[PDB]
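Report on the following structure.
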Amino acid sequence: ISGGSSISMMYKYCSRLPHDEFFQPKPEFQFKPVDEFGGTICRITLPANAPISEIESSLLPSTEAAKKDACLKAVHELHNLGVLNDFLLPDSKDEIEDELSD
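Mapping of the sequence shown onto the entry's author numbering: residues 1 to 102, in sequence order.
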């Protein structure tokens, strides 16, 4: 699987993180630490300005990764729909490196 540019789009979603200086106020991030019996639970919730994007479910034993899941799944949930693309930065903001993003 040779990806890159596709990430720039997926990473952008993660870029919504707080630690991110380029992250705008609107998105939300929440991590739920659980036993290895269910890795970690990633809880993401977007503003009313956004329809879907929420992703709650474990998959990774790590928060950073667990979040990546919901974050990744969130992108898809937004990609599959993408009805508020007007609320989110278009490809214009996607004009960045795959690594740069997120």
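Just so you know, even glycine gets a beta-carbon here, dropped at the ideal spot from N, CA and C.
Exercise for the section: Report the option in 76, 26, 7 and 63 whose CA atom is closest to the CA atom of residue 47. Expected result: For the purposes of this step, residue 47 is taken as the residue at position 47 of the sequence shown. Of the residues 76, 26, 7 and 63, the one whose Cα lies closest to the Cα of residue 47 is 26.
Handout entry: residue 8 to residue 36 span [Cα, whole Å]
Key = Reading the sequence shown from its first residue, position 8 is the one you call residue 8. Reading the sequence shown from its first residue, position 36 is the one you call residue 36. Counting only the Cα atoms, residue 36 lies some 30 Å from residue 8.
Handout entry: Among 15, 65, 80 and 24, nearest to residue 41 - alpha-carbon criterion
Key = Counting from 1 along the sequence shown, the entry for residue 41 is found at position 41. Taking each of 15, 65, 80 and 24 in turn and checking the Cα distance to residue 41, the smallest one comes out for 65.
Handout entry: Whole-angstrom C-beta distance between residue 22 and residue 50, which should lie under 8 Å
Key = One-based indexing of the sequence shown puts residue 50 at position 50. One-based indexing of the sequence shown puts residue 22 at position 22. That pair is no contact at about 18 Å.
Exercise for the section: Return the residue from the list 38, 39 and 56 that minimises the CA-CA distance to residue 45. Expected result: Translated into positions along the sequence shown, residue 45 becomes position 45. The residue with the shortest Cα to Cα distance from residue 45 is 56.
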